[PDB]
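Okay, here's what each chain looks like letter by letter:
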Amino acid sequence: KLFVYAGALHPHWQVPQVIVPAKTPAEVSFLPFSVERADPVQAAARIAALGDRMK
Amino acid sequence: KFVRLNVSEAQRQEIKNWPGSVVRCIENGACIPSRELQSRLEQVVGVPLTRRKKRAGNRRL
Amino acid sequence: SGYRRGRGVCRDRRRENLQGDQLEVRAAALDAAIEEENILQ
Amino acid sequence: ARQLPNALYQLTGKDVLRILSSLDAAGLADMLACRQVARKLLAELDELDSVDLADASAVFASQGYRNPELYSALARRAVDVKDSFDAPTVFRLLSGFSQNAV
Amino acid sequence: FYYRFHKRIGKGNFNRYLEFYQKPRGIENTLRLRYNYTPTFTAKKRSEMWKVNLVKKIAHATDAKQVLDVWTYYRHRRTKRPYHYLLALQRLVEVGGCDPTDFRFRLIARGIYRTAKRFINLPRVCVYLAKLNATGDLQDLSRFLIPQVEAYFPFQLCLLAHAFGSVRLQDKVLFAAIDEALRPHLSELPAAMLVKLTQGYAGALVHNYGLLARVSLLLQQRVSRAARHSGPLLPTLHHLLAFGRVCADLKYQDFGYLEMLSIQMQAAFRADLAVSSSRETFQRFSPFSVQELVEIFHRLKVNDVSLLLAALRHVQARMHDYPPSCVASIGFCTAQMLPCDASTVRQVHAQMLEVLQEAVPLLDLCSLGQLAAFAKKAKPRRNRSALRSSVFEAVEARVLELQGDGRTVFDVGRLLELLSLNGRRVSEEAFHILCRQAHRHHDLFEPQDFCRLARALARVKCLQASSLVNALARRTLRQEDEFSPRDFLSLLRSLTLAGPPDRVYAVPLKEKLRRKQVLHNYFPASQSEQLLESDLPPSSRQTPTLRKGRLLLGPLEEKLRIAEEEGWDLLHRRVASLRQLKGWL
RNA sequence: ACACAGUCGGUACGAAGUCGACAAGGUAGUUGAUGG
RNA sequence: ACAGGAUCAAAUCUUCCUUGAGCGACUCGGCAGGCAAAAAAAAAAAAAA
RNA sequence: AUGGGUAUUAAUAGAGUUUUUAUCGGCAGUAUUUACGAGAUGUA
């Protein structure tokens, strides 16, 4: 009456699986993070300055 | 190597022209093989890779 | 209704026992009718 | 209503009138059914009764289907068998005429 | 006793094992579980109660899904019996059939084949299978049917023949054996059983005129004598018309039988007109019976002028009781058969056309096509062209309302040809709908249907349905032998003129036409290369080229989840997972 | 019989019926307990 | 079994889907063969009349 | 052919039949086996 298998899935026709397809995580009603945006002019200056130094 | 050495001359030329390794691209799902290439691959691996079509001689009157 | 059958089910309703336990944890004819009302309450 | 024509041959004038009146009470307006039923009513004039004529007049008036030939045939048959009419039946017969302006 | 059962190591290979999330081939324990201790009362009752519950739940099931689920649930319970199989089949037929390829039904079919020889009433199983459309299983069972036909009852043999005919499966050995077995019993069979036997032969298209002549003689003799488990020996007008339709299907032109039928039908029409109280009208026949008679005579090309005139007279007398579809079919057949210059024929046809144009909104595609053909084949007194123009306009208006009617069978080719004729141009929407629907009818097409559809497409172009032209070209290339020289030549001309098909069909078609012309020495007064691998369709991969891309080979919460993912039904079973344990702790 | 071959225990009827049976059902004589 | 099903419908020669693995595979179903006789190291070697 | 009375190839319900060696002597008598269905809810 015992059935053992090396792999994740078993071949029994009429018995449910324990390893099942994954489901998307449930949504939440709160934002875990806050965001604050830099001024566009300063951001443009910084991006331009970094651009040549990198590449 | 088996595919290259057993396939026809035109298919060999196509294999040579193809960039990279054909078997690796097929396994990665980057290139679609030809019917002859698939037939040689099936000969190598012992099983079909697409629904195998058998030819019957049946006709409705 | 499946448990209040007149002839008596051969088996007790263990599902009801467990569900009711969890629920409680987590939080002459007219006289006979009155007694039925009491057991209902 | 659209399947009635396939069964017209198994019915009588009374049966067809009953079906038409029930549909009218339900609230259906399909002039094709009335137009098809008119032919059977006119082909079976010799068997209609006073209540049948009154019902036909009323149902067609309510539906709005107008056919001078049909109304003239109904009037002629009603006059022919006037002996079997009553006051409410006569009023029912004449109400269709009044409503249809025939 | 000692229950010897061991699990062995085996010869697997799991070093550097990779997990593919694919099931293994089979369960490890396949040896029979033989209990070595006697069961208790409850244990034995649970073991044996399937014999009750299976039939009870089959009866309670009101759907093929439920029936198959119950059978699958009890799949492992032995030992199934012929009455179990028969109850399953009967319930399936009553609920309304199922896919005969569903693996759950394949269990039943394989079990039936396994226990075929143990069935007492194998013909009942065969009838159920024919009704369920299990053509393959029905075909296999003939092996065991053949050596038992002489032992069955004649009505069983008649039902067997009807069942085989219903699925249009030809088994000439079986039909010959059935005929030999029924030879001594034919005279005493009821009219309904004779009709069943002949209808089976007609459906199988076995042209046993030796049987047809005997049946016709028997029916004539029984009618002459004329003038609840078995059924009456004496036939009725319905049985006569059924046998006549069988004769039309098998192309049996029995003029004596048709004379008898014409006399009987004329007498019936006379009696129906004589009837007076409006309750006994159509007592012996119906408008559908009249339509069937007219169709019989049209199909057999037997021009019984008196009978056709009597039918038209009856239709005129009581047309208010004639269904519009019956009117359309009668008009079609009568106009195709008779001249429209006759006064009575012309008057009746005019009235029928009036009623049909009146009832166009009720007509289906078949009736619409028949009406279109009849309105043009008629010869009206007034407004000959305007009548046809209005009929065509109404048919176009009605066709758009039947866009999704993917079930009715009709002559798309003839409808398209009528719509595109005498310089008339078809409406784009109606033409698109008709050419879209023409794909269903290709398996039903004759050589003349091929020619007519190609003609219609060529005329309409001179709009083009490239897919339809390609399908026509492929099918005619496959069925080249079916065509006469002139038919093939005109068909190829029309195919080219309607927008040339793909070269893959154009070239071999020319080769076939060339061979046919040589063989038949046919060369009309008015009258290429070898195939290249580049002309082959790119959907296939017969060229050596390699392309970037992929070959995609893929196309009550617990109960719902298991049904959605695993794909089977728990039924009364219940499932839970460890995720919900704290609700019970 | 695994048994110096014995000893102590040892299956718990029917519904296998059905014109069945508090709060919801989406009508299955189906269902109520359970978010990190 | 190309057996059943879908489709603006398939190169001759099925574009796909179903057939839990079309019963492990292929067959048979008046199939199958224990004993005698006659032979016979394992085996093989006689159609019936 | 303003088109299907229309052109081509029904062996079609019947594709069916007992070989070779061999002058002369010898065997070939019996048993088992397939419906472990509720024919039937009998042909509507």
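This text goes with the structure placed above it.
### A short note on the overall build of chain E
Here comes step 1: Counting secondary structure elements, chain E contains 26 helices and one strand.
Here comes step 2: Taking 585 residues into account, the globule formula puts the C-alpha radius of gyration at 25 Å, and chain E, at 31 Å, lies well above it.
Here comes step 3: Per-residue burial over chain E gives 44% buried out of 585 residues.
Here comes step 4: Here chain E has roughly 34100 Å² of accessible surface; of this, 52% comes from carbon and sulfur atoms.
Here comes step 5: The distance from the centre of the 88 positive side-chain charges to the centre of the 54 negative ones in chain E is 7 Å.

### Quick word on the overall build of chain A
Here comes step 1: Assigned secondary structure in chain A consists of one helix and zero strands.
Here comes step 2: Over its C-alpha trace chain A gives a radius of gyration of 26 Å, far above what one expects of a compact globule, namely 10 Å for 55 residues.
Here comes step 3: Reported as C-alpha extents along the three principal axes, the dimensions of chain A are approximately 75 × 35 × 15 Å.
Here comes step 4: Per-residue burial for chain A yields a buried fraction of 11% across its 55 residues.
Here comes step 5: Of the roughly 5300 Å² of accessible surface on chain A, a fraction of 63% belongs to carbon and sulfur atoms.
Here comes step 6: Of note, chain A has its 6 positive side-chain charges centred 15 Å away from the centre of its 4 negative side-chain charges.

### Topic: the interface of chain E and chain A
Here comes step 1: In this complex, chain E contributes 23 residues to the contact, which on the side of chain A involves 21 residues.
Here comes step 2: Buried surface at the junction of chain E and chain A, both sides included, amounts to about 1800 Å², of which 62% is carbon and sulfur.
Here comes step 3: The largest contributions to the chain E side of the interface with chain A come from E:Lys23, E:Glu28 and E:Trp568, which together make up 25% of the buried area.
Here comes step 4: Where chain E packs against chain A, one counts one salt bridge.
Here comes step 5: The shortest N-O distance in the salt bridge between E:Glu565 and A:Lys23 comes to 2.4 Å.
Here comes step 6: The tally of links from chain E across to chain A stands at six residue pairs in polar contact.
Here comes step 7: No other element matches helix α26 (residues 557–565) of chain E, which puts three residues into the side of chain E that touches chain A.
Here comes step 8: For the side of chain E that touches chain A, the class distribution of residues is nine nonpolar, five polar and nine charged.

### Section: the packing of helix α9 (residues 172–182) of chain E against helix α10 (residues 191–204) of chain E
Residues and elements named next belong to chain E.
Here comes step 1: One way to put it is that α9 packs onto α10 with a least axis distance of 12 Å and a crossing angle of 160 degrees. As far as their axial angle goes, α10 and α9 are roughly antiparallel. The way α9 lies across α10 gives a crossing that is left-handed. Across the interface between the two elements, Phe175, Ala176, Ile178, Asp179 and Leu182 of α9 pack against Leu197, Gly200, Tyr201 and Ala204 of α10.
Here comes step 2: In terms of residue class, the contact of α9 with α10 is made up of seven nonpolar, one polar and one charged.

### Considerations on helix α8 (residues 154–166) of chain E
All names here are of chain E.
Here comes step 1: In this model α8 runs 18 Å from its N-terminal to its C-terminal C-alpha over 13 residues, within 8% of the 18 Å that 1.5 Å per residue would give.
Here comes step 2: Every buried residue of α8 is listed here: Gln156, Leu157, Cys158, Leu160, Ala161, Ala163, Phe164 and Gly165.
Here comes step 3: Buried residues along α8 sit against α6 (122–132), α7 (135–145), α9 and α10.
Here comes step 4: One or two steps after α8, the chain reaches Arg168, where phi turns positive at roughly 55 degrees.

### Structural notes on the protein's contact with RNA strand F
Here comes step 1: Around RNA strand F, the surrounding shell holds 25 residues, and the nearest of these are E:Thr42, E:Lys45, E:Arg574, E:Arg579 and E:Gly583.
Here comes step 2: C:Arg15 places a side-chain nitrogen or oxygen 2.9 Å from a phosphate oxygen of RNA strand F.
Here comes step 3: Separating a sugar or linking oxygen of RNA strand F from a backbone N or O atom of E:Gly583 is a distance of 2.8 Å.
Here comes step 4: Of all elements in the fold, only α1 (14–26) of chain C together with α1 (41–48) and α2 (50–60) of chain E reach the threshold of two or more residues within the surface near RNA strand F.
Here comes step 5: Across the surface near RNA strand F, the residue classes tally to seven nonpolar, nine polar and nine charged.

### Side note on the arrangement of the chains
Here comes step 1: Spatially, chain B and chain C are disjoint, and the shortest separation between their C-alpha atoms is 50 Å.
Here comes step 2: No interface is formed between chain C and chain D, the nearest pair of C-alpha atoms being 42 Å apart.

### What to know about the protein's contact with RNA strand G
Here comes step 1: Near RNA strand G, the surroundings consist of 39 residues, among which B:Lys53, E:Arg436, E:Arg474, E:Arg478 and E:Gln542 are the closest.
Here comes step 2: The protein-proximal atoms of RNA strand G, defined as those within 4 Å of the protein, are 54% sugar or phosphate.
Here comes step 3: Contact distances for RNA strand G include 3.1 Å between a phosphate oxygen and a side-chain N or O atom of B:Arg60.
Here comes step 4: Side-chain polar atom of E:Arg75 to a base oxygen of RNA strand G: 2.8 Å apart, as the coordinates give it.
Here comes step 5: Of all the secondary-structure elements, those providing two or more residues to the surface near RNA strand G are α5 (103–114), α7, α23 (466–478) and α25 (503–520) of chain E.
Here comes step 6: Broken down by class, the residue content of the surface near RNA strand G amounts to 13 nonpolar, ten polar and 16 charged.

### Observations regarding the nonpolar core
What tends to happen in soluble globular proteins is that the nonpolar side chains get buried as a cluster.
Here comes step 1: Counting residues in each nonpolar core, the largest one holds 166 residues, and the members touching the most others are E:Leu92, E:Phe105, E:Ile178, E:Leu186, E:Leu197, E:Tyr322 and E:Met352.
Here comes step 2: Among the elements that take part in this core, helix α22 (residues 447–461) of chain E stands out by supplying eight residues, more than any other.
Here comes step 3: Apart from the residues within four sequence positions on either side, E:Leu92 is in contact with E:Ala64, E:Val67, E:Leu68, E:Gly97, E:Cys98, E:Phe105, E:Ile108 and E:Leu132.
Here comes step 4: Grouped together as the second largest cluster of nonpolar side chains are 24 residues, D:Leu4, D:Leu11, D:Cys34 and D:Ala38 included.

### Focus on the pattern of salt bridges
Opposite charge on two side chains permits pairing when their charged atoms draw close.
Here comes step 1: Under the criterion given, the structure shown has 37 salt bridges over all chains.
Here comes step 2: When salt bridges with common partners are traced through the structure, they connect E:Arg245, E:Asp249, E:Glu292, E:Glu295 and E:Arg299 into a single cluster.

### A short note on the packing of helix α3 (residues 64–73) of chain E against α5(E)
Residue and element names in this part refer to chain E.
Here comes step 1: Orientation of α3 relative to α5, taken along the N-to-C sense of each, is 65 degrees, at an axis distance of 9 Å. The two elements α3 and α5 meet at a crossing, and its hand is left-handed. On α5, the residues touching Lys65, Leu68, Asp69, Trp71 and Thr72 of α3 are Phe103, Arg104, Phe105, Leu107 and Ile108.
Here comes step 2: Residue composition of the contact of α3 with α5, by class: six nonpolar, one polar and three charged.

### Re the side chain of E:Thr115
Here comes step 1: Along the chain, the position of E:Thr115 falls in the loop between α5 and α6.
Here comes step 2: Not counting residues up to four positions away in its chain, the partners in contact with E:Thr115 are E:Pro82 and E:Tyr85.

### Section: the interface of chain C and chain E
Here comes step 1: In this assembly, six residues from chain C lie in contact with seven residues from chain E.
Here comes step 2: When the two sides are added together, the surface that chain C and chain E hide from each other amounts to roughly 440 Å², 41% of it contributed by carbon and sulfur.
Here comes step 3: If you sort the residues of chain C by the area they bury against chain E, C:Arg11, C:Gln22 and C:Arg26 come out on top, with a joint share of 66%.
Here comes step 4: The interface formed by chain C and chain E holds zero salt bridges in total.
Here comes step 5: The interface formed by chain C and chain E contains three residue pairs in polar contact.
Here comes step 6: Per-class residue counts for the side of chain C that touches chain E are one nonpolar, two polar and three charged.

Parameters at a glance
Residues numbered from 1 in each chain as written, not as in the entry; some residues may be left out. Chains lettered and ligands numbered in written order. Part of a larger assembly, values for the part shown. Heavy atoms only, no water. Helix = DSSP H or I, 4+ residues; strand = E, 2+ residues; numbered from the N terminus. Rg over C-alpha atoms; globule rule 2.2 N^0.38 Å. Buried < 20%, exposed > 50% of the residue type's maximum accessible area, 1.4 Å probe, protein only. Areas by Shrake-Rupley, 256 points an atom, 1.4 Å probe, with all protein chains shown as cover. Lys, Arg positive; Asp, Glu negative; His and termini not counted. Charge placed at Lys NZ, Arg CZ, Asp CG, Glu CD. Contact = heavy atoms within 4.5 Å. Buried area = accessible area lost by both parts, 1.4 Å probe. Salt bridge = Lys/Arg side-chain N within 4 Å of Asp/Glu carboxyl O. Polar contact = N/O pair within 3.5 Å; in protein donor to acceptor, adjacent residues only side chain to side chain. Nonpolar A, V, L, I, M, F, W, Y, C, P; charged D, E, K, R; others polar. Axes fitted to C-alpha atoms, helices over the stretch in contact; angles between N-to-C directions. Parallel < 35°, antiparallel > 145°, perpendicular 65-115°, else oblique. Left-handed = near helix turned anticlockwise from the far one by under 90°. Expected span 1.5 Å × (residues − 1). Near = heavy atom within 4 Å. Core = buried A, V, L, I, M, F, W, Y, C linked by side-chain atoms within 4.5 Å.

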